[PDB]
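Shown next, in structure tokens, is the structure this report addresses.
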Amino acid sequence: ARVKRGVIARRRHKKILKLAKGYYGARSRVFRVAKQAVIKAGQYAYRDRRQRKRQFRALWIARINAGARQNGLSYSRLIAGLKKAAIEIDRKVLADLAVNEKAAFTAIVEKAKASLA
Amino acid sequence: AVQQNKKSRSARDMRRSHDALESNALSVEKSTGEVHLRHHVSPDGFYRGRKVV
Amino acid sequence: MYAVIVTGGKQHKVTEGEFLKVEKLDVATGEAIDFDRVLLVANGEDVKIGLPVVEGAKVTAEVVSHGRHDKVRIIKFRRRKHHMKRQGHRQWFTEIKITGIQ
Amino acid sequence: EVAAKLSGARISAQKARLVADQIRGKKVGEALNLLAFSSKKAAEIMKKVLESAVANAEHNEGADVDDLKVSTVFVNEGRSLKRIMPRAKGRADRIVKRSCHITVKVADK
Amino acid sequence: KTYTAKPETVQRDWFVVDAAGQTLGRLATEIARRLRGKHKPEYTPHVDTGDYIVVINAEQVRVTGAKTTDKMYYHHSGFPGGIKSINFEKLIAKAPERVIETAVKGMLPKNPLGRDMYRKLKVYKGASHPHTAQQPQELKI
RNA sequence: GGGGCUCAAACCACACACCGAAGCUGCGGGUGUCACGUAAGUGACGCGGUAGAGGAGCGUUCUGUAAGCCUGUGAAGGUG
RNA sequence: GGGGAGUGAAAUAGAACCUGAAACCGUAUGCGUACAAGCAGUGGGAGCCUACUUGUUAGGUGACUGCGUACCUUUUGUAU
Ligand SMILES: [Mg+2]
Ligand SMILES: [Mg+2]
Ligand SMILES: [Mg+2]
Ligand SMILES: [Mg+2]
Ligand SMILES: [Mg+2]
Ligand SMILES: [Mg+2]
Ligand SMILES: [Mg+2]
Ligand SMILES: [Mg+2]
Ligand SMILES: [Mg+2]
Ligand SMILES: [Mg+2]
Ligand SMILES: [Mg+2]
Ligand SMILES: [Mg+2]
Ligand SMILES: [Mg+2]
Ligand SMILES: [Mg+2]
Ligand SMILES: [Mg+2]
Ligand SMILES: [Mg+2]
Ligand SMILES: [Mg+2]
Ligand SMILES: [Mg+2]
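Shown next, in the form of structure tokens:
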């Protein structure tokens, strides 16, 4: 029973060349280059799920810091001021109140100063 | 000598961008109404309205 | 009218009429959900925050649907060492809808 | 619109791209004058095709020879005939001999 | 999701700095903070939101200790043996406005945003500026 | 590492605060071994990996089931 | 060599003729690029375009910006 492998090799090549479209040059059209640029573009998509969580945390902090200096503190004395009491509001929903709901942010900052910390 | 890497579709098409054509020195003869080249004998044999050949 | 409710180990910026995607919780479709874990309640300008939590305030929600979103890929490759391993993932979620900020 | 073809024409493709780009989008009155005076091998062949596309619009349709503006000129590639040629120190090498397909398409709009 | 600024909905202002005895690199760290936009709550890294700066005395600036007769400013010309140097004191009589620009330029990113944050800096060796139309407000009193 | 720094942005004592990993915690999924609660109707603490040892699967061609079943209202293929 | 016209169920079945793929080469339409440095991708992301069911939807481009020195084989050890 001779088997010829010319029809199930083709389905696996088109499955590679579909994930690898939108790429420059010969990375999107010939197979011995487009296999390297699918494995490499899958390692980057694995590392950058961790680095996504580090690039917003470093963005939330630098917006609380700018907003809390305009009222009369720093960032580091504000976090010690909120944790003298227990206000328990994270960085994602303080950097929302820093931009949009600016009057409610000032009513938080005055209570950290009243916390004397 | 030889190259070390091949040239892509971009760096091959950029070379041949300085390569176009032109021959627009055309002129209409006043008498016969025949088109020819500027400062040349018309293909019937008239130059500035005079048969020469 | 905006609250800060804490659903799945993380909190949200919930308004009066929001659709909102929450991690999967154990309740059927159509039933109503209350939230007793609100952290600041504002209204017009009248804003109050919790001492650790705000007393008395509730947020009523109900489940629209369920589902799984956006299949992602995982490639664990090592150069030059004869090792490569793949896996797929689709995380569950639960879409709810907010009615009233009590 | 009406078309014309010349499938099988001894000049190569790349040499005859330089005459197609010169006239793509003009009127056929002055298109027959750029090709009457150009000094290249492709220009005598392309004018034989351009006046074949016009005479089809006059006989197969009722299109006048005035309102025609040449719309789509493209030069494809055709079969290549492979031959050898000897070089020095025993080694012989191989020569191709190319051709092309020309398609001039005029439109009466 | 978190808010990002938009370049067609940005608010920029006009500040004027007096450098009349300020230490060079302690002045310049506050210009470079306010050109990038770390003083605004809506700071985003990828698009730019900063205030124009006008500096009105680029010759009264002060450096500390023995650095006036030192601190060569090296740069190379491309040709062989073309290294060149000029100290702090001789430079400030040739072009006073290029002392305070090269200190701020090295405290910015080296991006095509850094080249765009640098165009908001405008220094003058004189005593008045041709920006009375824009009416800059005073800061750092 | 660069700008730049002189009661310091250096050195010595010293005090709180913050920042900081795929580490720990929270929430949601998935699997391996053992224990039973008829051992999944079930808890516990486990899950980097080359050479290499062990376990469990997909697909291709031909034969049985196939004188069946599907198809000219449209097969196999090719392409979305 | 074509453009018709006729034969045929079908000439993009026309004799270099069933199906007719990939590399390679073109022609149209949309969006981005001529003061900006590198395995050319990935995370965030402005704007524009099309269909929408009129847009806390879909599709196509990706200015700007953070991290990022291909694959195999031999090796104590390779971006090399
Ligand atoms: Mg011989
Ligand atoms: Mg001291
Ligand atoms: Mg972490
Ligand atoms: Mg862990
Ligand atoms: Mg293992
Ligand atoms: Mg078969
Ligand atoms: Mg089919
Ligand atoms: Mg018939
Ligand atoms: Mg067909
Ligand atoms: Mg057929
Ligand atoms: Mg053929
Ligand atoms: Mg047949
Ligand atoms: Mg055929
Ligand atoms: Mg092209
Ligand atoms: Mg370059
Ligand atoms: Mg560089
Ligand atoms: Mg070894
Ligand atoms: Mg090598």
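Protein chains in written order, with the authors' numbering: chain Q, 2 to 118; chain 2, 2 to 54; chain R, 1 to 102; chain S, 2 to 110; chain J, 2 to 142.
Just so you know, even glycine gets a beta-carbon here, dropped at the ideal spot from N, CA and C.
Item to complete: Go through its chain and collect everything with a Cβ distance to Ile5 (chain R)'s Cβ below 7 Å, but skip five positions before and after it.
Response: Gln11, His12, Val14, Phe35, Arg37, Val38 and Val59
Worksheet item: Is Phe75 (chain S) close to chain 2, meaning its C-beta is less than 8 Å from at least one C-beta of that chain?
Response: no
Discussion item. According to DSSP, is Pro137 (chain J) part of a helix, a strand, or is it coil?
Written reply: coil
Worksheet item: How big is the Cα-Cα spacing for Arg90 (chain R) and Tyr45 (chain Q)?
Response: 19 Å
Worksheet item: Do we get a CB-CB distance below 8 Å when we pair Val34 (chain Q) with the residues of chain J?
Response: no
Worksheet entry | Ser65 (chain R), DSSP secondary structure in three states | strand
Practice prompt. Would you please state the rounded distance, in angstroms, between the beta carbons of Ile96 (chain R) and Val22 (chain R)? I believe it to be under 8 Å.
Written response: 6 Å
Item to complete: Determine, using beta-carbon pairs with one atom in the segment 115 to 125 of chain J and one in the segment 46 to 66 of chain J, whether at least three such pairs fall under 8 Å.
Response: yes
Worksheet item: Does DSSP classify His19 (chain 2) as helix, strand or coil?
Response: coil
Worksheet item: Can you name the residues of chain S whose CB is closer than 8 Å to the CB of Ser24 (chain 2)?
Response: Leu35, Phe38, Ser39 and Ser40
Item to complete: Compare the C-beta of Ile74 (chain R) against all C-beta atoms of chain Q and say whether one is closer than 8 Å.
Response: yes
Discussion item. The beta strand (DSSP E) that contains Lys6 (chain S), what's its start and end?
Written reply: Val3 to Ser8
Worksheet entry | Segment contact, 8 Å Cβ cut-off, at least three pairs: the segment 27 to 38 of chain 2 with the segment 50 to 57 of chain Q | no
Practice prompt. Note down, in chain order, each residue of its chain lying with its Cβ closer than 7 Å to the Cβ of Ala96 (chain Q), except the 5 sequence neighbours on either side.
Written response: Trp61, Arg64 and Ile65
Discussion item. Using a 10 Å radius around the Cβ and a threshold of 16 neighbouring Cβ atoms, would you call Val27 (chain R) buried or exposed?
Written reply: exposed
Fill in: Proximity of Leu25 (chain R) and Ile98 (chain R) at Cβ, strictly below 8 Å
no
Worksheet entry | First and last residue of the uninterrupted alpha helix (DSSP H) at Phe89 (chain J) | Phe89 to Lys95
Worksheet item: Going by DSSP, what residues sit across from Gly100 (chain R) in a beta bridge?
Response: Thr60 (chain R)
Worksheet item: Taking C-alpha atoms, which residue in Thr50 (chain J), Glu60 (chain J) and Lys126 (chain J) lies nearest to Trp15 (chain J)?
Response: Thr50 (chain J)
Discussion item. For a test of the three-state rule: what should DSSP assign to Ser53 (chain S), helix, strand or coil?
Written reply: helix
Worksheet item: Where does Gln23 (chain S) land, buried or exposed, given buried means 16+ other C-beta within 10 angstroms?
Response: buried
Fill in: For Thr107 (chain Q), the first and last residue of its enclosing alpha helix (DSSP H)
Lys103 to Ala115
Worksheet entry | Whole-angstrom distance between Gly82 (chain Q) and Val31 (chain Q), CA atom to CA atom | 60 Å
Worksheet item: For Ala67 (chain Q), which residues in chain J fall below 7 Å Cβ to Cβ?
Response: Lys39, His40, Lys41, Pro42 and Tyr44
Discussion item. Out of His77 (chain J), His130 (chain J), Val62 (chain J) and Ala6 (chain J), which one is the CA nearest neighbour of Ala94 (chain J)?
Written reply: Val62 (chain J)
Worksheet item: Thinking just about the alpha-carbon of each residue, which of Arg49 (chain 2), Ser9 (chain 2) and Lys7 (chain 2) is nearest to the one in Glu30 (chain 2)?
Response: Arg49 (chain 2)
Fill in: Contact set between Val29 (chain 2) and chain S, taken where Cβ atoms lie within less than 7 Å
Going along chain S, no residue has its Cβ under 7 Å from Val29 (chain 2), so there is no contact; the nearest lies around 10 Å.
Worksheet item: Is it the case that the Cβ atoms of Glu16 (chain R) and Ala104 (chain Q) are separated by a distance below 8 Å?
Response: no
Practice prompt. Could you spell out where the alpha helix (DSSP H) holding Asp14 (chain 2) opens and where it closes?
Written response: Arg10 to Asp14
Discussion item. Strictly below 8 Å CB to CB, what residues from chain J border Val100 (chain Q)?
Written reply: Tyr4, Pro42 and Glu43
Worksheet entry | Sheet register partners of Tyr2 (chain R) (DSSP bridge) | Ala42 (chain R)
Worksheet entry | Sub-8 Å separation of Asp20 (chain 2) and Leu19 (chain S) beta-carbons | yes
Worksheet item: Just curious, the alpha helix (DSSP H) that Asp117 (chain J) is in, first and last residue?
Response: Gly115 to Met118
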